[PDB]
Amino acid sequence: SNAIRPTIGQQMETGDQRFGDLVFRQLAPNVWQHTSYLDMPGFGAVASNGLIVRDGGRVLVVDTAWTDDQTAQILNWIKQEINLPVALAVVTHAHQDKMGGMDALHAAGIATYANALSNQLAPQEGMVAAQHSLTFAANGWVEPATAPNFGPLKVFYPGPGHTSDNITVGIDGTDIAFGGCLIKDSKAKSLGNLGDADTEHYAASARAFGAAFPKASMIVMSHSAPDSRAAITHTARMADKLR
Ligand SMILES: CC1(C)S[C@H]([C@H](NC(=O)[C@H](N)c2ccccc2)C(=O)O)N[C@H]1C(=O)O
Ligand SMILES: [Zn+2]
Ligand SMILES: [Zn+2]
């Protein structure tokens, strides 16, 4: 198959597997990155990344693809490659790159979770809410009763940044943590779309993510390949410029 060469988002490199319209990359024996692409007319493709985690006899998903059809392709890939049921998905804020495929998850009977605030914003953002709401303590950690049977997914709300509702997820038992759209890579020159951002609190929120997962060495994010912790520090330094 031909390589997909997005205008925004990482390129395909060694270890990147094309499946239909999407790309998959194994990050750890039990963790894979899913990548889907939105074609913007006149601009080209924008890649967005999420995660797939095997936890024993079940699979957990972080973020949908941009669309329902792409998200059904993620479920197809899981069926072919892993052949275990998806127990739940957690989506990391109410924008299209992270929640555009909710209906595909629901059609498949998968339990969906998002920040309560994401669910409240979804109908205002042209999204369908997740079926369950996560809530958070004053220090950002998820209230465990709201995240039942999450296995290795450790959900952390770092504060407002890219959006007010953005959440992040550490993968316990690995050195991986997922920043979603809050974190950009260590070579990025921009924080991306700031239209819904909290420019005052962004730098502290980025740093809070790093402090929540202080031994995560592989930082996964929505629009770049997995990076070092310099993604966190560089994002925070860019965000310092917003104040
Ligand atoms: C990659 C993006 C610049 S766009 C994406 C998101 N936007 C969407 O999901 C929009 N529905 C969209 C509109 C036009 C073109 C592409 C995406 C956002 O506003 O954070 N996340 C941004 C980001 O992570 O900075
Ligand atoms: Zn967003
Ligand atoms: Zn994004």
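Residues numbered from 1 in each chain as written, not as in the entry; some residues may be left out. Chains lettered and ligands numbered in written order. Heavy atoms only, no water.

> Sorry if this is basic, but what is going on with the coordination of the zinc ion (ligand 3) here?
By definition of the ideal shapes, four donors in a tetrahedron about a metal sit 109.5 degrees apart, and six donors in an octahedron sit 90 or 180 degrees apart. Coordination of the zinc ion (ligand 3) by the protein comes from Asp97 (OD), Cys181 (SG) and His223 (NE2), over a distance range of 2.0 to 2.4 Å. In terms of primary sequence, the donors binding the zinc ion (ligand 3) are separated according to D-x83-C-x41-H. Metal-to-metal, the separation of the zinc ion (ligand 3) and the zinc ion (ligand 2) is 4.6 Å. In this pair, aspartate 97 is assigned in helix α2 (residues 96–99) and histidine 223 in the loop between β12 (218–220) and α6 (230–240), connecting sequence segments 126 residues apart. (Donors = N, O, S within 2.8 Å, 3.2 Å for Na, K, Ca; no water. Helix = DSSP H or I, 4+ residues; strand = E, 2+ residues; numbered from the N terminus.)

> Teacher, can you tell me more about the sheet that holds strand β1 (residues 16–19) here?
Two modes of strand pairing occur in sheets, parallel and antiparallel, and in both the strands are linked by backbone hydrogen bonds. Within the open sheet, the eight strands sit side by side as β1-β2-β3-β4-β5-β6-β7-β8. Their pairing is mixed. The open sheet has two edge strands with one neighbour each: β1 and β8 (132–134). Sheet twist, expressed as the mean angle between neighbouring strand axes with direction ignored, is 25 degrees. Sheet analysis places strand β5 (residues 58–62) next to strand β6 (residues 86–91), joined by four bridges and oriented parallel. The partner of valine 59 across the bridge, within β6, is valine 86. Set on the sheet, helix α1 (residues 68–81) makes contact with β1, β2 (22–28), β3 (31–40), β4 (44–55), β5 and β6; between it and β1 the angle comes to about 110 degrees. (Pairing = 2+ DSSP bridges. Axes fitted to C-alpha atoms, helices over the stretch in contact; angles between N-to-C directions. Contact = heavy atoms within 4.5 Å.)

> Mind showing me how you'd approach the environment of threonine 92 here?
Note that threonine 92 resides in the loop between β6 and α2. Separated by 75 residues in sequence, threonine 92 and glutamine 17 place their C-alpha atoms 24 Å apart. Look past the residues within four positions of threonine 92 in its chain and what remains in contact with it is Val62, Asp63, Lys98, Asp165, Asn166, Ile167, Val169, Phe178 and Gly180.

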